[PDB]
Structure formats: structure tokens, C-alpha cells
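K.L.:
When you get a sec, could you give me coordinates for this:
(chains A and B)
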Number of protein chains: 2
Amino acid sequence: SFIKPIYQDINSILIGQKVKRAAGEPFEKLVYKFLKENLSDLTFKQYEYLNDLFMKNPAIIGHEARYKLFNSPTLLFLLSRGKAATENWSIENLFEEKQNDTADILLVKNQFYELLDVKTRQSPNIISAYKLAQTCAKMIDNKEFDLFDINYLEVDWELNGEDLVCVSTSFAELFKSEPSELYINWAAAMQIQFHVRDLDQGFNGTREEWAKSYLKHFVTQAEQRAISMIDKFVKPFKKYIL
Amino acid sequence: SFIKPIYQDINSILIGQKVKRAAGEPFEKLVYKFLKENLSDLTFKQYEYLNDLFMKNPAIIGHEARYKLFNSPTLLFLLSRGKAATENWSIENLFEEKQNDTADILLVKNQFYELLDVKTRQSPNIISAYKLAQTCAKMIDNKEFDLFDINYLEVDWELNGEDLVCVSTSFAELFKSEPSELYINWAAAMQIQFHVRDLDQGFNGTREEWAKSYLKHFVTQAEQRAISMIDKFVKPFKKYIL
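P.N.:
Residues are numbered from 1 along each chain as shown, chains lettered A, B, ... in the order given. Here you go, the structure:
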């Protein structure tokens, strides 16, 4: 992680911040520059990183050719916009900040990436368990276990009228938590939920072992959920429709 | 339906309403009285109806005995608070408006009930497909097909600054729509979603046929969803964990 070595700073620097009145939390914008100024050259908005990548290869046109510029099936999966959007990008028609972008902030340095998200506070949705499964399958399929990390920076606030004051922080690393500990809210569109402060950080196996372990946990959960749907929503009601 | 015979009124009376700044829509409070004044004796807030029912039988204590006051397994299922809460109610410790109450407004008259909800405007959540299934199973199990109806009153608005102006209305009746037409958003916690204006009203079979038909539609959907979970989330990932 990059933001970690200096996390101490950001933490104390924000723990006593300010701001006026889903919804939104400007606290995120506070880390972009906190890392924009202090961490120039590394910090990037995902869409910003995408424009930068295509701008550096202007002779490269069409989605297929631009997709290769990622030099990584997983990274492509994690960061790329769809085909049409990629095809339509044109130097003077740049990508704009998007809502569904994998990472709120992207830190790149020497071929290594850090998908950093920022949460602010019913645990919030962090990542689709299925997209996390597809991500692990790509890592394993392409043997890419040192390409990126998905980290999180949390910040708490207190309502002081028409204002919002920061109270503390939390920094966690998805790939440092035991996969089986990840809670999946199936009803909530299969979204994994957890407060960063409560996230676990005890994992000790290799990255690849984290991918298999998460997959094992995902498959098992999906499997029992489906059998559970049959037992609760199907079998008890047959006597009414047969 | 009760509110229908006069729906014409409410519609025109509200289609040009007013209001200042989830969230909330006071438009609902506008129908309670619209029906409170004009429809006195019938109109009820669910919790209000519950207090009224227990107050009329003060000699009746304990959850078991109070539960019988409903004289209807389905109605009990649809309207009652849990056992502890029912046990703890005490004439001077009345129920208060609750968020999860089945109906936003309840219209009662001569043993007949009208669970009326009010929506205001991604289709909004209307009713858990599972609770709707449990409701149909109770109707059939107890042969209660003329006890209640679940209707809806919709109202549209336009943002005129720090204000909200009503534009039109929509009135629909759940049991008048073909069951198979009901859309179930499994990812969205199995909630059924649909705008009242777009709701269907072509059903023509008996109420009981509506209960079986909904059940058939529910079971089939649940069943294919579970098989779908296996095919997408289980089988494609086995090769990674075996």
C-alpha cells in the first residue's frame, strides 16, 4: 500500500476536519488532494487514469487495441469502461467521473496499483461478491498476484447542526482479511458489507491462497443460499400449486 | 375498495397540491385526513387500529388471547405486532407508528379491510414477494378470500426549488393484476417493484385463483433463481477450489 506509510498523517490531519451539510461526503475529496499534493504522480481518479493511458497512446484506436494497453486481463476487468465507450473515447472526448468505477481513488506506481475506496459514516456496500469472485478467477487464470491491492480509508463524522465534524479513521486491506470472514448480503444484491474499522486483517497466506480461499467461501455460500431458496420458497409452497 | 368510489375527488384535490422541501413525502399525510375528514369511522393508521382493537377488549390480556381478537389467521399475520410487543401493550402503553407496518393506511368497514399504501415519485419496493407468498398461503389454508384487499394510491410531484408540486395520480389494486406480471427483484431483497401507474389491472379470476396463480409464479421464479445461482456462482468456479 502507498497511502499507508503516510496514513498516520492523513488520519490526524482529517480526524479534526470540517464540512457543511446516499447523499454525499466531501471527506473523500479531502484525501484526493491530501494525496494529490503530498502524493503527486501516483494519485489518480480512475477515469482520470483511463484518459491518461489512452492519451499516451494516441495512435492506438478501437476498443481491441486500447484494451491491450492495460497489459493485464484482471486490471482490464477491474478498470476498463465497456467496449463502445472505449471505442468512442477520442482525445477530445475524454471519460468523465463515473459512479460505478471500481475505485474511488487509484494510486499507481511502477506497474503496481492500489484500488483505494473511501467510506464515510447498517454496514455499507463495499464490493459485489460476484465481481470479487470474477476478480479472483482472473488473477488465478492469468497468474497475476502482485498487480494490485484493494484498500480502504474510512472516516467518521458527527452532526453538529448544519455541519459535519470528523472524529476518527480506519485503514484496512481487503487482501489481508481472511476470506471466510467476508460477509455477503445476498438480499442486498449480493453486496459484501462491513465497516472498515471492523474489517479483519489477520490473513497470512499468499495472495493466490487468498483468491482460492475467497472462491471456496463464495461458492459454498452461493451454493447453500440456492439450496436455502429451494427449501424456503419452493418446497413449502408446492402443495398449493400442484 | 373504499377510497376508489371517491378516488376521483382525492385525485383532483391533490393533483395541484403543495409542500416544502428515502427522505419523505408529506403527500401521504394529505390522504389520511382527506380520508379522515371525508371518511371518518373507516380510516385508520395500522398501529392506531391495533390500539383501538385492544382498547375495546381491556379484559383481554397476554399475546395469545389478544391474537384471537383478530379472528383471522391472515389478518393477524398481516396486521399484528410480534408476541412480546403484543404481550407488553397495556392501555397506557400504546403502540406507536412503525416503519415496517404492512399498510401506510388502513380502511376498515363491516369486517372488511383495505391495506392501502401510498407511494410518491427505478421502481420503488412495494411488497416482499415472500410475505406475499405467505399471505396467499394463509388465505388458502384458512379459506379467507373476502377479508381484505391491498390497494395503492400514487402521487407525482415536480421540484420547484425548495418546494414540491403534485402533478397527477394513480390508483391500482394488487389483486386485480395478473400475478405473473408482478416483477420480483431478487437482488433487491426479493422485493416486488412497480410504479402504481404501470401496475396491471386485467386479472379476472376469483381471489383464490389469484392466490394460487401468485404462488405458482413465485415458486417458479424462486426455483429458476436458485438454479441460476448454481449455474452462475457455483459451477463456473469449482475448477478453482477442487
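
K.L.:
tell me the SS of residue A:85?
P.N.:
Following DSSP: H, G, I helix; E, B strand; the rest coil, residue A:85 is assigned to helix.

K.L.:
Regarding chain A, what is its longest strand?
P.N.:
For chain A, the longest strand by residue count, based on DSSP state E, is strand A:148-159.

K.L.:
How far does that strand sit from its chain's centre?
P.N.:
Offset of strand A:148-159 from its chain centre (Cα atoms, centre = their mean, to the nearest Å): 11 Å.

K.L.:
So for it, what gets flagged as buried?
P.N.:
A:148-157 (16 or more other Cβ atoms under 10 Å in any protein chain shown). (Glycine included, C-beta is placed from N, CA and C.)

K.L.:
and chain A, which residues reach chain B?
P.N.:
A:130, A:133, A:136-137, A:140, A:187-190, A:211-212, A:215-216, A:218-219, A:222-223, A:225-227, A:229-230, A:232-234, A:236-238, A:240-241 (Cβ under 8 Å from any Cβ of the partner chain).

K.L.:
if we go to 6 Å?
P.N.:
A:140, A:187, A:189, A:215-216, A:219, A:222-223, A:226, A:229-230, A:233-234, A:237, A:240-241 (Cβ under 6 Å from any Cβ of the partner chain).

K.L.:
Can you spell out which helices and strands pack onto the longest strand of chain A?
P.N.:
strand A:112-120, strand A:164-173 (3 or more Cβ pairs under 6 Å, 6 or more residues apart in numbering or on different chains; DSSP states H and E).

K.L.:
10 Å instead?
P.N.:
helix A:7-14, helix A:29-34, helix A:73-79, strand A:105-109, strand A:112-120, strand A:125-128, helix A:129-142, strand A:164-173 (3 or more Cβ pairs under 10 Å, 6 or more residues apart in numbering or on different chains; DSSP states H and E).

K.L.:
Could you save the buried residues of strand A:148-159 as TSV and add columns showing distance to residue A:13?
P.N.:
Compiled in TSV, those are given as follows (distance: Cβ to Cβ, whole Å):
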residue	distance to residue A:13
A:148	26
A:149	22
A:150	23
A:151	18
A:152	18
A:153	12
A:154	15
A:155	11
A:156	15
A:157	15
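
K.L.:
Would you point out the most distant pair within those residues?
P.N.:
Of all pairs drawn from the buried residues of strand A:148-159, the widest gap by Cβ to Cβ lies between A:148 and A:157 and measures 29.0 Å.

K.L.:
Phi, psi for residue A:220 please.
P.N.:
phi -60, psi -50 (degrees, to the nearest 10).

K.L.:
For it, grab the count of nearby residues.
P.N.:
Residue A:220 has 13 neighbours, counted by other Cβ atoms under 10 Å in any protein chain shown.

K.L.:
ok so, going back, who wins on neighbours among the residues of chain A next to chain B?
P.N.:
Ranked by neighbours (other Cβ under 10 Å), these are led by residue A:222, which has 24 neighbours.

K.L.:
For it, which non-adjacent residue is spatially closest?
P.N.:
residue B:233 (3.6 Å; Cβ to Cβ, 6 or more residues apart in numbering or on different chains).

K.L.:
before we move on, back to that, and the two most separated of the residues of chain A next to chain B?
P.N.:
The widest separation within the residues of chain A next to chain B (Cβ to Cβ) is 44.7 Å, between A:140 and A:240.
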